[PDB]
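Student: Please read through the structure below; I'll follow up with questions.
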Amino acid sequence: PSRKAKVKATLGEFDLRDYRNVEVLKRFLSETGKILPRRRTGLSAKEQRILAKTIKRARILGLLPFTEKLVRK
Amino acid sequence: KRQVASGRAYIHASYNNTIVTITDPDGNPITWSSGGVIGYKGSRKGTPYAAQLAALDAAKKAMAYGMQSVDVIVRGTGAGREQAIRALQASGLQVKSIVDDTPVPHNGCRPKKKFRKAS
Amino acid sequence: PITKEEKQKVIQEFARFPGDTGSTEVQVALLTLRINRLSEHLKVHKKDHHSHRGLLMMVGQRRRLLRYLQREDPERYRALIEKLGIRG
Amino acid sequence: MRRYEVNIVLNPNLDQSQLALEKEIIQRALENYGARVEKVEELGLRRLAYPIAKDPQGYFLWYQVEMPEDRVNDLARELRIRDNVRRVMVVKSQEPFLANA
RNA sequence: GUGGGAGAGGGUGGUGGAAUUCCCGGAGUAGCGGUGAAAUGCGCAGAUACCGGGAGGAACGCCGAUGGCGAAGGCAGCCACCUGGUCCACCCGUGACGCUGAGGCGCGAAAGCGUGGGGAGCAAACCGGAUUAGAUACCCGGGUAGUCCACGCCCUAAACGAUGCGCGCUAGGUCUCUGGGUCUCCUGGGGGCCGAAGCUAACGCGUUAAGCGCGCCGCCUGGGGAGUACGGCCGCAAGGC
Ligand SMILES: [K+]
Ligand SMILES: [K+]
Ligand SMILES: [Mg+2]
Ligand SMILES: [Mg+2]
Ligand SMILES: [Mg+2]
Ligand SMILES: [Mg+2]
Ligand SMILES: [Mg+2]
Ligand SMILES: [Mg+2]
Ligand SMILES: [Mg+2]
Ligand SMILES: [Mg+2]
Ligand SMILES: [Mg+2]
Ligand SMILES: [Mg+2]
Ligand SMILES: [Mg+2]
Ligand SMILES: [Mg+2]
Ligand SMILES: [Mg+2]
Ligand SMILES: [Mg+2]
Ligand SMILES: [Mg+2]
Ligand SMILES: [Mg+2]
Ligand SMILES: [Mg+2]
Ligand SMILES: [Mg+2]
Ligand SMILES: [Mg+2]
Ligand SMILES: [Mg+2]
Ligand SMILES: [Mg+2]
Ligand SMILES: [Mg+2]
Ligand SMILES: [Mg+2]
Ligand SMILES: [Mg+2]
Ligand SMILES: [Mg+2]
Ligand SMILES: [Mg+2]
Ligand SMILES: [Mg+2]
Ligand SMILES: [Mg+2]
Ligand SMILES: [Mg+2]
Ligand SMILES: [Mg+2]
Ligand SMILES: [Mg+2]
């Protein structure tokens, strides 16, 4: 189960095809640069598919994290 | 006698043993302990207990260099990993922040048979 | 590929009459077009086997028409072929 | 012609001398391949999420162009030589598909 | 035809970061490793753990699904170019141009064969360590072919939905992917589950039929002998039909 209130909702309207809006994008990664699963992201097969796509681009442009060290264990 | 004060303590949980390494503010080790170091041999080495003392035997060698605070970094899953983390805490040493950094690959090398039915 | 423009030219200079988008004559024309395109595509990428299939489908789709035409209007036929340079 | 976008991240630790020089190379080679400027953005420096080329920071450039497809890749191969050019990413423009509007 | 759509469908070039190994440097001791427990092995020529740098090969974490594409085999990092199929809407052009399909031809996982290149990790065979009554094994340490690429062969399979292709007819409910609409819903295409009628030896099937029908192809006729022998055709061989 997940009781954290999906992303999307806590966000305005944006362009999923934008691989540069770090501030918005960033929002879809876990503590680790991991791309958040729909059960969290809050999008649709179609969105959640265009998201991941652009996220991967930003990463190549070195604007997003491929991975992150998990703080506190 | 180089005096360190603050430092890094890397825990290396394996299912076979638990080396703990202490290093200066940015890499470069100082002292370290294992499971054999302390004394055990076979599967004994991995036992969470060993992991404890191991953290500890590495705790003293640390203070001797003048260690007070430490950034704990854990790697790999394993027995007593938490032990070590738990040790260092009650080691009289300052445990600044625990942080997991196990090396996971974005799938590249074929694993030994032993690690494939799992993959 | 084939810009909306590019394709008209063909139809235009083929449609048996205004608005003729879909007569045997036309169809065969475009088919040919595509076919030729893909063909040169396979002059390279000889290993694009999956595209190669589509070729056959086209080629056959074409014969099924030519065949029709030649059987129905043996003249419209000669006409069409004599224009494209198809079959020899 | 096809509408593209040429993201370029180059060495952050430079100055108006070479930096300018790179544009005086990039901006050229573009037109040498039929590049057509539609709109350029220059967010300049920014902190990369991960260190690229040892350095932990990059200078971002942008160029919405409408060049001849047949030479897109040819355009990237070239733009890449500049040692200060550490990253080149061309990607044909698409309409911005919004969500949660 | 025109106008929109989704997609790991295919070919080519490029490119990204994580990890393994190796080499270089630091810092640093006495072990590491591995197992049920061990040992072989590696380490004072300084290993394991840690830090920075480099080289190389192969595979793309999360996204990822009970999801999508393809005719099948099969297809996942990102980008660009080339290219195939397909769906919806509008009902605009042709005017039965249709369906199936012996032989033919092309495609066809893996292993395997030929030439050349590459070789990090993994690993038939192989060399050892354990185990056991023995161990030509399972466990452990190494390790060659191969695994990777190009080109050319091989053509097999639980190549499976174990279900040939096309069309029409026969309750619905539910979940889902993707398109259109007057968008508590209707409608189209695809992926599931449950079930009407019906079918079925039963299990089960059930608008994604295994139901009611038509057309065309392929195939079956008790086990074993045997997918063997002979013959032919194919293959460099192994072998295949
Ligand atoms: K599937
Ligand atoms: K024979
Ligand atoms: Mg007539
Ligand atoms: Mg020895
Ligand atoms: Mg090498
Ligand atoms: Mg299918
Ligand atoms: Mg399969
Ligand atoms: Mg297409
Ligand atoms: Mg009409
Ligand atoms: Mg008429
Ligand atoms: Mg047929
Ligand atoms: Mg046949
Ligand atoms: Mg092979
Ligand atoms: Mg070979
Ligand atoms: Mg043996
Ligand atoms: Mg026995
Ligand atoms: Mg047995
Ligand atoms: Mg072995
Ligand atoms: Mg090995
Ligand atoms: Mg084959
Ligand atoms: Mg059977
Ligand atoms: Mg249904
Ligand atoms: Mg809708
Ligand atoms: Mg349906
Ligand atoms: Mg029932
Ligand atoms: Mg009944
Ligand atoms: Mg049922
Ligand atoms: Mg008999
Ligand atoms: Mg038999
Ligand atoms: Mg028999
Ligand atoms: Mg046989
Ligand atoms: Mg022979
Ligand atoms: Mg055989």
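Ligands are numbered from 1 in the order shown, chains are lettered A, B, ... in the order of the structure tokens, and residues start at 1 in each chain.
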Given a cut-off of 10 Å, what residues near ligand 3 show up using only C-alpha atoms (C1' of nucleotides) and all ligand atoms, put as a VMD selection string?
Tutor: chain C and resid 69 71 to 73
Student: With 12 Å as the limit and counting only C-alpha atoms (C1' of nucleotides), what residues in chain D lie close to chain E? Please list them as a PDB file with N, CA and C atoms, in the first residue's frame.
Tutor:
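Generated output (selection-v5.pdb):
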ATOM      1  N   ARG D   2      13.762  19.996 -40.958  1.00  0.00           N
ATOM      2  CA  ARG D   2      13.094  19.456 -39.780  1.00  0.00           C
ATOM      3  C   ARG D   2      13.510  20.247 -38.538  1.00  0.00           C
ATOM      4  N   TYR D   4      14.691  20.880 -35.037  1.00  0.00           N
ATOM      5  CA  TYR D   4      15.433  20.168 -34.010  1.00  0.00           C
ATOM      6  C   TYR D   4      15.678  21.053 -32.809  1.00  0.00           C
ATOM      7  N   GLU D   5      16.585  20.612 -31.945  1.00  0.00           N
ATOM      8  CA  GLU D   5      16.967  21.329 -30.728  1.00  0.00           C
ATOM      9  C   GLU D   5      18.355  20.833 -30.393  1.00  0.00           C
ATOM     10  N   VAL D   6      19.330  21.730 -30.361  1.00  0.00           N
ATOM     11  CA  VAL D   6      20.686  21.291 -30.078  1.00  0.00           C
ATOM     12  C   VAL D   6      21.180  21.699 -28.698  1.00  0.00           C
ATOM     13  N   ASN D   7      20.978  20.821 -27.723  1.00  0.00           N
ATOM     14  CA  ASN D   7      21.434  21.089 -26.373  1.00  0.00           C
ATOM     15  C   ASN D   7      22.938  20.940 -26.371  1.00  0.00           C
ATOM     16  N   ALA D  49      24.050  17.161 -12.030  1.00  0.00           N
ATOM     17  CA  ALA D  49      23.620  16.253 -10.973  1.00  0.00           C
ATOM     18  C   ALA D  49      24.745  15.282 -10.673  1.00  0.00           C
ATOM     19  N   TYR D  50      25.569  15.033 -11.678  1.00  0.00           N
ATOM     20  CA  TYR D  50      26.702  14.144 -11.520  1.00  0.00           C
ATOM     21  C   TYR D  50      27.865  14.779 -12.285  1.00  0.00           C
ATOM     22  N   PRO D  51      29.094  14.643 -11.764  1.00  0.00           N
ATOM     23  CA  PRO D  51      30.264  15.223 -12.427  1.00  0.00           C
ATOM     24  C   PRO D  51      30.529  14.721 -13.837  1.00  0.00           C
ATOM     25  N   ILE D  52      30.562  15.647 -14.788  1.00  0.00           N
ATOM     26  CA  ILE D  52      30.833  15.308 -16.177  1.00  0.00           C
ATOM     27  C   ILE D  52      32.177  15.892 -16.560  1.00  0.00           C
ATOM     28  N   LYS D  54      35.103  15.222 -14.963  1.00  0.00           N
ATOM     29  CA  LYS D  54      35.734  15.572 -13.699  1.00  0.00           C
ATOM     30  C   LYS D  54      35.049  16.751 -13.013  1.00  0.00           C
ATOM     31  N   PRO D  68      18.480  20.429 -42.346  1.00  0.00           N
ATOM     32  CA  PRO D  68      18.223  19.291 -43.237  1.00  0.00           C
ATOM     33  C   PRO D  68      18.545  17.958 -42.565  1.00  0.00           C
ATOM     34  N   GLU D  69      17.504  17.173 -42.301  1.00  0.00           N
ATOM     35  CA  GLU D  69      17.631  15.870 -41.657  1.00  0.00           C
ATOM     36  C   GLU D  69      18.860  15.070 -42.090  1.00  0.00           C
ATOM     37  N   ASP D  70      18.983  14.830 -43.391  1.00  0.00           N
ATOM     38  CA  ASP D  70      20.098  14.071 -43.961  1.00  0.00           C
ATOM     39  C   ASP D  70      21.476  14.363 -43.344  1.00  0.00           C
ATOM     40  N   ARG D  71      21.643  15.526 -42.720  1.00  0.00           N
ATOM     41  CA  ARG D  71      22.933  15.858 -42.133  1.00  0.00           C
ATOM     42  C   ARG D  71      22.909  16.142 -40.635  1.00  0.00           C
ATOM     43  N   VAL D  72      21.816  15.785 -39.976  1.00  0.00           N
ATOM     44  CA  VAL D  72      21.714  15.990 -38.538  1.00  0.00           C
ATOM     45  C   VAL D  72      22.908  15.326 -37.869  1.00  0.00           C
ATOM     46  N   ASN D  73      22.998  14.008 -37.999  1.00  0.00           N
ATOM     47  CA  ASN D  73      24.098  13.268 -37.403  1.00  0.00           C
ATOM     48  C   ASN D  73      25.434  13.839 -37.833  1.00  0.00           C
ATOM     49  N   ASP D  74      25.540  14.212 -39.105  1.00  0.00           N
ATOM     50  CA  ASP D  74      26.773  14.791 -39.636  1.00  0.00           C
ATOM     51  C   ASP D  74      27.107  16.062 -38.851  1.00  0.00           C
ATOM     52  N   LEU D  75      26.059  16.766 -38.427  1.00  0.00           N
ATOM     53  CA  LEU D  75      26.182  18.004 -37.665  1.00  0.00           C
ATOM     54  C   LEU D  75      26.667  17.715 -36.243  1.00  0.00           C
ATOM     55  N   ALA D  76      26.188  16.625 -35.657  1.00  0.00           N
ATOM     56  CA  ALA D  76      26.601  16.260 -34.311  1.00  0.00           C
ATOM     57  C   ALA D  76      28.046  15.756 -34.281  1.00  0.00           C
ATOM     58  N   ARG D  77      28.412  14.900 -35.233  1.00  0.00           N
ATOM     59  CA  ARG D  77      29.771  14.363 -35.290  1.00  0.00           C
ATOM     60  C   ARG D  77      30.760  15.516 -35.236  1.00  0.00           C
ATOM     61  N   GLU D  78      30.471  16.563 -36.005  1.00  0.00           N
ATOM     62  CA  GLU D  78      31.317  17.747 -36.084  1.00  0.00           C
ATOM     63  C   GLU D  78      31.335  18.521 -34.776  1.00  0.00           C
ATOM     64  N   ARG D  80      31.023  17.820 -32.033  1.00  0.00           N
ATOM     65  CA  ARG D  80      31.671  17.080 -30.951  1.00  0.00           C
ATOM     66  C   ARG D  80      33.169  17.236 -30.749  1.00  0.00           C
ATOM     67  N   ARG D  86      31.649  19.130 -24.218  1.00  0.00           N
ATOM     68  CA  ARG D  86      31.629  17.862 -23.516  1.00  0.00           C
ATOM     69  C   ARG D  86      30.348  17.068 -23.697  1.00  0.00           C
ATOM     70  N   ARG D  87      29.319  17.725 -24.215  1.00  0.00           N
ATOM     71  CA  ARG D  87      28.040  17.062 -24.429  1.00  0.00           C
ATOM     72  C   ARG D  87      27.210  17.694 -25.522  1.00  0.00           C
ATOM     73  N   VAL D  88      26.754  16.870 -26.453  1.00  0.00           N
ATOM     74  CA  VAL D  88      25.906  17.359 -27.525  1.00  0.00           C
ATOM     75  C   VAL D  88      24.712  16.426 -27.637  1.00  0.00           C
ATOM     76  N   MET D  89      23.522  17.010 -27.650  1.00  0.00           N
ATOM     77  CA  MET D  89      22.293  16.247 -27.756  1.00  0.00           C
ATOM     78  C   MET D  89      21.311  16.965 -28.652  1.00  0.00           C
ATOM     79  N   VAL D  90      21.138  16.453 -29.861  1.00  0.00           N
ATOM     80  CA  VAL D  90      20.190  17.043 -30.789  1.00  0.00           C
ATOM     81  C   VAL D  90      18.953  16.154 -30.715  1.00  0.00           C
ATOM     82  N   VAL D  91      17.771  16.756 -30.728  1.00  0.00           N
ATOM     83  CA  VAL D  91      16.547  15.976 -30.631  1.00  0.00           C
ATOM     84  C   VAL D  91      15.379  16.693 -31.304  1.00  0.00           C
ATOM     85  N   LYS D  92      14.917  16.181 -32.446  1.00  0.00           N
ATOM     86  CA  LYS D  92      13.820  16.829 -33.168  1.00  0.00           C
ATOM     87  C   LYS D  92      12.662  17.250 -32.291  1.00  0.00           C
TER      88      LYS D  92
END
Student: Quick one: residues within 12 Å of region 218-229 of chain E, only C-alpha atoms (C1' of nucleotides) counted, chain neighbours fewer than 3 positions away excluded, as a PyMOL selection string?
Tutor: chain E and resi 100-102+164-165+240-241
Student: Residues within 10 Å of ligand 32 (only C-alpha atoms (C1' of nucleotides) and all ligand atoms), as a ChimeraX atom specification?
Tutor: /E:233-236
Student: May I have the selected residues written with N, CA and C atoms (P, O5', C5', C4', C3', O3' and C1' of nucleotides), as a PDB file, in the first residue's frame?
Tutor:
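Writing done, so here's selection.pdb:
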ATOM      1  P     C E 233      20.091 -37.316 -55.396  1.00  0.00           P
ATOM      2  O5'   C E 233      19.554 -35.982 -54.714  1.00  0.00           O
ATOM      3  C5'   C E 233      18.378 -35.353 -55.178  1.00  0.00           C
ATOM      4  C4'   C E 233      17.877 -34.398 -54.139  1.00  0.00           C
ATOM      5  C3'   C E 233      18.938 -33.528 -53.501  1.00  0.00           C
ATOM      6  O3'   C E 233      19.282 -32.409 -54.282  1.00  0.00           O
ATOM      7  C1'   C E 233      17.541 -34.417 -51.817  1.00  0.00           C
ATOM      8  P     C E 234      20.781 -31.872 -54.223  1.00  0.00           P
ATOM      9  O5'   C E 234      20.861 -31.267 -52.762  1.00  0.00           O
ATOM     10  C5'   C E 234      20.034 -30.163 -52.436  1.00  0.00           C
ATOM     11  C4'   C E 234      20.112 -29.842 -50.971  1.00  0.00           C
ATOM     12  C3'   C E 234      21.458 -29.573 -50.334  1.00  0.00           C
ATOM     13  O3'   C E 234      21.933 -28.277 -50.595  1.00  0.00           O
ATOM     14  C1'   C E 234      20.118 -30.851 -48.874  1.00  0.00           C
ATOM     15  P     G E 235      23.506 -28.047 -50.754  1.00  0.00           P
ATOM     16  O5'   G E 235      24.078 -28.303 -49.303  1.00  0.00           O
ATOM     17  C5'   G E 235      23.846 -27.328 -48.294  1.00  0.00           C
ATOM     18  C4'   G E 235      24.535 -27.713 -47.024  1.00  0.00           C
ATOM     19  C3'   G E 235      25.990 -28.093 -47.130  1.00  0.00           C
ATOM     20  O3'   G E 235      26.820 -26.955 -47.212  1.00  0.00           O
ATOM     21  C1'   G E 235      24.869 -29.603 -45.717  1.00  0.00           C
ATOM     22  P     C E 236      28.037 -26.957 -48.255  1.00  0.00           P
ATOM     23  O5'   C E 236      29.212 -27.704 -47.481  1.00  0.00           O
ATOM     24  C5'   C E 236      30.257 -28.393 -48.190  1.00  0.00           C
ATOM     25  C4'   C E 236      31.307 -28.862 -47.221  1.00  0.00           C
ATOM     26  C3'   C E 236      30.760 -29.762 -46.138  1.00  0.00           C
ATOM     27  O3'   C E 236      30.885 -31.105 -46.557  1.00  0.00           O
ATOM     28  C1'   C E 236      32.012 -28.008 -45.166  1.00  0.00           C
TER      29        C E 236
END
Student: Can you work out which residues are within 9 Å of ligand 4, considering only C-alpha atoms (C1' of nucleotides) and all ligand atoms, and then hand them over as a list in words?
Tutor: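 Listed by chain and ascending number, the contacts are residues 41, 42 and 43 of chain E.
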Student: Need the shell around residue 96 (chain D): protein/DNA/RNA residues with any atom at most 8 Å away, counting only C-alpha atoms (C1' of nucleotides). Skip same-chain ones fewer than 3 positions apart. Format as a list in words?
Tutor: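 Selected residues are residues 15, 16, 17 and 18 of chain A.
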Student: For residue 55 (chain C), find every residue with an atom within 12 Å (counting only C-alpha atoms (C1' of nucleotides)), except residues of its own chain fewer than 6 positions away, and show them as a PyMOL selection string.
Tutor: (chain C and resi 31-42+48-49+61-62) or (chain E and resi 83-85+106)
Student: If the limit is 10 Å from any atom of ligand 13, counting only C-alpha atoms (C1' of nucleotides) and all ligand atoms, which residues qualify? Return them as number ranges by chain.
Tutor: E: 109-112, 146-148
Student: Select residues of chain B: the criterion is any atom within 6 Å of an atom of chain E, counting only C-alpha atoms (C1' of nucleotides); output as a PyMOL selection string.
Tutor: chain B and resi 21+27-29+105-110
Student: Could you turn the residues from that selection into a file that holds N, CA, C and O atoms, as a JSON list (two decimals), in the first residue's frame?
Tutor:
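Generated output (result.json):
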[["chain", "number", "residue", "atom", "x", "y", "z"],
["B", 21, "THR", "N", 36.20, -0.57, 7.60],
["B", 21, "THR", "CA", 37.37, 0.27, 7.36],
["B", 21, "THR", "C", 37.15, 1.70, 7.78],
["B", 21, "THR", "O", 36.11, 2.27, 7.49],
["B", 27, "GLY", "N", 38.54, 9.59, 1.94],
["B", 27, "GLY", "CA", 39.19, 8.39, 1.45],
["B", 27, "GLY", "C", 40.33, 8.04, 2.36],
["B", 27, "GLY", "O", 40.23, 8.24, 3.57],
["B", 28, "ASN", "N", 41.41, 7.53, 1.78],
["B", 28, "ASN", "CA", 42.62, 7.15, 2.51],
["B", 28, "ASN", "C", 42.27, 6.55, 3.86],
["B", 28, "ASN", "O", 41.93, 7.24, 4.81],
["B", 29, "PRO", "N", 42.37, 5.22, 3.95],
["B", 29, "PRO", "CA", 42.06, 4.51, 5.18],
["B", 29, "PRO", "C", 43.00, 4.88, 6.31],
["B", 29, "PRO", "O", 43.92, 5.67, 6.14],
["B", 105, "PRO", "N", 24.56, -2.67, -10.07],
["B", 105, "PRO", "CA", 24.87, -2.32, -11.45],
["B", 105, "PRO", "C", 23.58, -2.24, -12.22],
["B", 105, "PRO", "O", 22.65, -2.96, -11.90],
["B", 106, "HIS", "N", 23.53, -1.39, -13.25],
["B", 106, "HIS", "CA", 22.33, -1.28, -14.07],
["B", 106, "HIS", "C", 22.36, -2.39, -15.10],
["B", 106, "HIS", "O", 22.21, -2.19, -16.30],
["B", 107, "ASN", "N", 22.56, -3.59, -14.56],
["B", 107, "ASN", "CA", 22.65, -4.84, -15.28],
["B", 107, "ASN", "C", 23.67, -4.84, -16.38],
["B", 107, "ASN", "O", 23.47, -4.25, -17.43],
["B", 108, "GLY", "N", 24.79, -5.52, -16.12],
["B", 108, "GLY", "CA", 25.85, -5.59, -17.09],
["B", 108, "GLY", "C", 26.57, -6.91, -17.16],
["B", 108, "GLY", "O", 26.67, -7.50, -18.24],
["B", 109, "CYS", "N", 27.09, -7.39, -16.04],
["B", 109, "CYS", "CA", 27.83, -8.66, -16.07],
["B", 109, "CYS", "C", 27.02, -9.91, -15.70],
["B", 109, "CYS", "O", 26.22, -9.90, -14.76],
["B", 110, "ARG", "N", 27.24, -10.98, -16.46],
["B", 110, "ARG", "CA", 26.52, -12.21, -16.17],
["B", 110, "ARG", "C", 26.99, -12.67, -14.80],
["B", 110, "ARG", "O", 28.17, -12.74, -14.55]]
Student: Near residue 68 (chain A), within 7 Å and counting only C-alpha atoms (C1' of nucleotides), which residues show up once chain neighbours fewer than 3 positions away are dropped, as a ChimeraX atom specification?
Tutor: /A:32-33,65
Student: Store the residues of this selection in a file with C-alpha atoms, as a PDB file, in the first residue's frame.
Tutor:
ATOM      1  CA  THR A  32      17.610   7.623  -5.147  1.00  0.00           C
ATOM      2  CA  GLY A  33      17.601   8.903  -8.722  1.00  0.00           C
ATOM      3  CA  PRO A  65      20.776  11.824 -11.322  1.00  0.00           C
TER       4      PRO A  65
END
Student: Among region 26-101 of chain D, which residues does DSSP mark as helix (DSSP H, G or I) when it is run on the backbone? Keep the chain and numbering as in the structure and answer as a PDB file with N, CA and C atoms, in the first residue's frame.
Tutor:
ATOM      1  N   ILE D  26      30.865  26.900 -33.222  1.00  0.00           N
ATOM      2  CA  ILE D  26      29.580  26.235 -33.204  1.00  0.00           C
ATOM      3  C   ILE D  26      28.642  26.948 -34.164  1.00  0.00           C
ATOM      4  N   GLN D  27      28.334  28.205 -33.859  1.00  0.00           N
ATOM      5  CA  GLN D  27      27.449  29.003 -34.694  1.00  0.00           C
ATOM      6  C   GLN D  27      27.827  28.917 -36.165  1.00  0.00           C
ATOM      7  N   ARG D  28      29.111  28.710 -36.450  1.00  0.00           N
ATOM      8  CA  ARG D  28      29.550  28.602 -37.839  1.00  0.00           C
ATOM      9  C   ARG D  28      29.179  27.238 -38.410  1.00  0.00           C
ATOM     10  N   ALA D  29      29.865  26.202 -37.935  1.00  0.00           N
ATOM     11  CA  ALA D  29      29.630  24.838 -38.393  1.00  0.00           C
ATOM     12  C   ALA D  29      28.146  24.551 -38.622  1.00  0.00           C
ATOM     13  N   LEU D  30      27.286  25.179 -37.823  1.00  0.00           N
ATOM     14  CA  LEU D  30      25.848  25.002 -37.977  1.00  0.00           C
ATOM     15  C   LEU D  30      25.454  25.366 -39.398  1.00  0.00           C
ATOM     16  N   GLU D  31      25.692  26.624 -39.747  1.00  0.00           N
ATOM     17  CA  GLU D  31      25.370  27.127 -41.069  1.00  0.00           C
ATOM     18  C   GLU D  31      26.129  26.355 -42.152  1.00  0.00           C
ATOM     19  N   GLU D  69      17.504  17.173 -42.301  1.00  0.00           N
ATOM     20  CA  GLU D  69      17.631  15.870 -41.657  1.00  0.00           C
ATOM     21  C   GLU D  69      18.860  15.070 -42.090  1.00  0.00           C
ATOM     22  N   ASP D  70      18.983  14.830 -43.391  1.00  0.00           N
ATOM     23  CA  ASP D  70      20.098  14.071 -43.961  1.00  0.00           C
ATOM     24  C   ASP D  70      21.476  14.363 -43.344  1.00  0.00           C
ATOM     25  N   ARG D  71      21.643  15.526 -42.720  1.00  0.00           N
ATOM     26  CA  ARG D  71      22.933  15.858 -42.133  1.00  0.00           C
ATOM     27  C   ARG D  71      22.909  16.142 -40.635  1.00  0.00           C
ATOM     28  N   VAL D  72      21.816  15.785 -39.976  1.00  0.00           N
ATOM     29  CA  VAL D  72      21.714  15.990 -38.538  1.00  0.00           C
ATOM     30  C   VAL D  72      22.908  15.326 -37.869  1.00  0.00           C
ATOM     31  N   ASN D  73      22.998  14.008 -37.999  1.00  0.00           N
ATOM     32  CA  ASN D  73      24.098  13.268 -37.403  1.00  0.00           C
ATOM     33  C   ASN D  73      25.434  13.839 -37.833  1.00  0.00           C
ATOM     34  N   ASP D  74      25.540  14.212 -39.105  1.00  0.00           N
ATOM     35  CA  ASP D  74      26.773  14.791 -39.636  1.00  0.00           C
ATOM     36  C   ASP D  74      27.107  16.062 -38.851  1.00  0.00           C
ATOM     37  N   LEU D  75      26.059  16.766 -38.427  1.00  0.00           N
ATOM     38  CA  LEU D  75      26.182  18.004 -37.665  1.00  0.00           C
ATOM     39  C   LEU D  75      26.667  17.715 -36.243  1.00  0.00           C
ATOM     40  N   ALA D  76      26.188  16.625 -35.657  1.00  0.00           N
ATOM     41  CA  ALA D  76      26.601  16.260 -34.311  1.00  0.00           C
ATOM     42  C   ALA D  76      28.046  15.756 -34.281  1.00  0.00           C
ATOM     43  N   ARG D  77      28.412  14.900 -35.233  1.00  0.00           N
ATOM     44  CA  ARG D  77      29.771  14.363 -35.290  1.00  0.00           C
ATOM     45  C   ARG D  77      30.760  15.516 -35.236  1.00  0.00           C
ATOM     46  N   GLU D  78      30.471  16.563 -36.005  1.00  0.00           N
ATOM     47  CA  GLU D  78      31.317  17.747 -36.084  1.00  0.00           C
ATOM     48  C   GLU D  78      31.335  18.521 -34.776  1.00  0.00           C
ATOM     49  N   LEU D  79      30.174  19.010 -34.369  1.00  0.00           N
ATOM     50  CA  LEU D  79      30.062  19.766 -33.128  1.00  0.00           C
ATOM     51  C   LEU D  79      30.803  19.130 -31.961  1.00  0.00           C
TER      52      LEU D  79
END
Student: Would you compute the distance between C1' of residue 141 (chain E) and CA of residue 36 (chain B)? Give it in Å to one decimal.
Tutor: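 Going from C1' of residue 141 (chain E) over to CA of residue 36 (chain B) covers 20.3 Å.
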Student: Taking only C-alpha atoms into account, which residues of chain A are within 9 Å of chain D, as a PyMOL selection string?
Tutor: chain A and resi 8-9+11-18+43+47+50+57+59-67
Student: Filtering to N, CA and C atoms, could you give me those residues as a compact mmCIF listing (two decimals), in the first residue's frame?
Tutor:
# COMPACT_ATOMS: atom_id res chain seq x y z
N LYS A 8 1.97 14.28 -9.10
CA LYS A 8 1.01 14.99 -9.97
C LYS A 8 0.12 16.00 -9.25
N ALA A 9 -0.77 15.49 -8.39
CA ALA A 9 -1.70 16.31 -7.61
C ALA A 9 -1.02 17.53 -6.99
N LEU A 11 1.23 19.56 -7.76
CA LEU A 11 1.98 20.08 -8.89
C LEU A 11 0.97 20.75 -9.82
N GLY A 12 1.43 21.69 -10.63
CA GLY A 12 0.53 22.36 -11.55
C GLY A 12 0.45 21.60 -12.85
N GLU A 13 0.28 22.33 -13.95
CA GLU A 13 0.23 21.70 -15.26
C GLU A 13 1.62 21.89 -15.86
N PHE A 14 2.16 20.83 -16.44
CA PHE A 14 3.49 20.92 -17.02
C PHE A 14 3.58 20.12 -18.29
N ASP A 15 4.73 20.23 -18.94
CA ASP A 15 4.99 19.53 -20.17
C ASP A 15 5.86 18.34 -19.85
N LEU A 16 5.31 17.14 -20.03
CA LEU A 16 6.04 15.93 -19.76
C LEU A 16 7.17 15.74 -20.76
N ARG A 17 7.05 16.39 -21.90
CA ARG A 17 8.06 16.27 -22.95
C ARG A 17 9.21 17.26 -22.77
N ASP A 18 9.27 17.89 -21.59
CA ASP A 18 10.31 18.87 -21.27
C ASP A 18 11.46 18.25 -20.47
N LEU A 43 0.55 9.26 -12.70
CA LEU A 43 0.18 9.49 -14.08
C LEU A 43 -0.46 8.29 -14.76
N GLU A 47 1.37 8.88 -19.89
CA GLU A 47 2.19 9.91 -19.28
C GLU A 47 3.45 9.26 -18.71
N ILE A 50 5.96 8.87 -21.05
CA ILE A 50 6.58 10.02 -21.67
C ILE A 50 7.46 10.66 -20.64
N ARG A 57 16.55 11.61 -20.73
CA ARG A 57 17.24 12.59 -21.56
C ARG A 57 17.99 13.55 -20.65
N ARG A 59 19.07 13.27 -17.80
CA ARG A 59 20.21 12.58 -17.22
C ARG A 59 21.41 12.65 -18.15
N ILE A 60 21.20 12.35 -19.43
CA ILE A 60 22.30 12.39 -20.36
C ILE A 60 22.88 13.80 -20.41
N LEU A 61 22.00 14.80 -20.31
CA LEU A 61 22.43 16.19 -20.31
C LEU A 61 23.00 16.56 -18.94
N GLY A 62 23.18 15.55 -18.10
CA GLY A 62 23.72 15.78 -16.78
C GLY A 62 22.92 16.76 -15.95
N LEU A 63 21.59 16.71 -16.06
CA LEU A 63 20.74 17.61 -15.29
C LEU A 63 19.99 16.87 -14.21
N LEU A 64 19.97 15.55 -14.35
CA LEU A 64 19.31 14.69 -13.39
C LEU A 64 20.23 13.54 -13.01
N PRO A 65 19.99 12.94 -11.84
CA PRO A 65 20.78 11.82 -11.32
C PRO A 65 20.48 10.42 -11.86
N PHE A 66 21.53 9.69 -12.22
CA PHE A 66 21.33 8.33 -12.68
C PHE A 66 21.07 7.54 -11.41
N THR A 67 21.71 7.96 -10.33
CA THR A 67 21.56 7.29 -9.05
C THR A 67 22.05 8.13 -7.87
Student: Kindly provide, as a PyMOL selection string, all nucleotide and amino acid residues lying within 10 Å of ligand 24, counting only C-alpha atoms (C1' of nucleotides) and all ligand atoms.
Tutor: chain E and resi 176+188-192+207-208
